[PDB]
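Below, in structure tokens: the form deposited in one PDB entry, a single chain.
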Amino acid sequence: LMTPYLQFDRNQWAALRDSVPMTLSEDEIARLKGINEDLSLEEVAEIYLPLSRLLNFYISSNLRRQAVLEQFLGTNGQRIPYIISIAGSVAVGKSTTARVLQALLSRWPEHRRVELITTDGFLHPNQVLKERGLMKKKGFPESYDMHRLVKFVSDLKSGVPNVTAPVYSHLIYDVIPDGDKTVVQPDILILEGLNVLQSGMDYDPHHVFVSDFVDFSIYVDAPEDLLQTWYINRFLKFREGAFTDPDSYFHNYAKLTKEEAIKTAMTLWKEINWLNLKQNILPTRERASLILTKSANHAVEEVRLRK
């Protein structure tokens, strides 16, 4: 049977960097690393530079997801921002991928704005999730306010005046009451979150989805077993940092012994994030324009490009 994806291993993908030079120092790179997430200069050069290239070809060739329709009715004024999305399991390290992609796309061919918006800011406040009995489902599609997320991207893309975005706080495990921040129309918009690939055709009737505004979608992938230990390990680091803040919504986790923490982390993964993984995330994997698969060392050892 024919498959829609082209597969490359590290050497093959890396070989596609051609001559894009790199615009980042090791120091700058290290600052982009996420908790329990390693990012080397070789990872940037071998994985992200070839991606920068491709991504750049697509942008300069005004080949967007809404290009055909525009020409079919009316191309107007354009100047339309390029929209890239980044999806994948919690703890997969999609936040680091977004950060470096944004740094590179910012100075690669020429200076571009490049805004990085995270989808979590668009979650329904803990209050609402409470009223809908949805917070054993934080991160699930229904725990997000997408009428707003879609309205946001539409406004940004379409050049609407004063657009603002809600902001999420991991310290209080909820969106900041009056934290909305203005977002200036950028040249490129990177959208990172769990629900960025949702479509009315994985599950639903119509409704409209944020994925319908995306031009290129990246899915950061890793086997279930690796994601489990990554989640647990990352949890243990939170115990040493974020959780030590007395105002932390999970401050009590700072007090758990190391073995209780591991226990608590597993049930949190198994009973919530894993469900989300299997139910709403994995299914979207084969819909991405690009898939990056990481190994035990957090490095991408395989790339799949949808032809």
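In case it trips you up, residue 1 is the first one in the sequence shown, and so on. Think of the rigid core as the biggest set of C-alphas that the two forms share within 1.5 Å after superposition.
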item	value
Deposited-sequence gap flanked by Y203 and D204	1 to 3
Comparing 85-93 with 134-142, the one whose average Cα B-factor in the PDB entry is higher	134-142
Which of 251-259 and 234-242 has higher mean CA B factor, as the PDB entry lists it	251-259
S217, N76, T229, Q102, ranked by C-alpha B-factor: the highest one	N76
Which of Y173, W108, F213, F122 ranks first by CA B-factor in the deposited coordinates	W108
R53 CA temperature factor, ranked by third within the chain	lowest
Cα B factor band for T182 (lowest, middle or highest third within the chain)	highest
Relative C-alpha B-factor of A67, binned into the chain's lowest, middle or highest third	highest
B-factor third for the C-alpha atom of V20 within its chain	highest
Entry-reported Cα temperature factor of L39, expressed as the chain third it lands in	highest
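Same protein, other form: the form deposited in another entry, not shown, and the subject of what follows.
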query: CA of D9, rigid core aligned, shift of 2 Å or more between the shown form and the other one; finding: no
query: Flag for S61, CA shift 2 Å or larger between the shown form and the other one after aligning core; finding: no
query: After fitting the core, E131 CA displacement of 2 Å or more between the shown form and the other one; finding: yes
query: Inter-Cα distance between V220 and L63 in the other entry, nearer or further [3 Å or more]; finding: farther
query: Cα-Cα trend for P109 and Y48, given that in the other entry the distance shifts by 3 Å or more; finding: farther
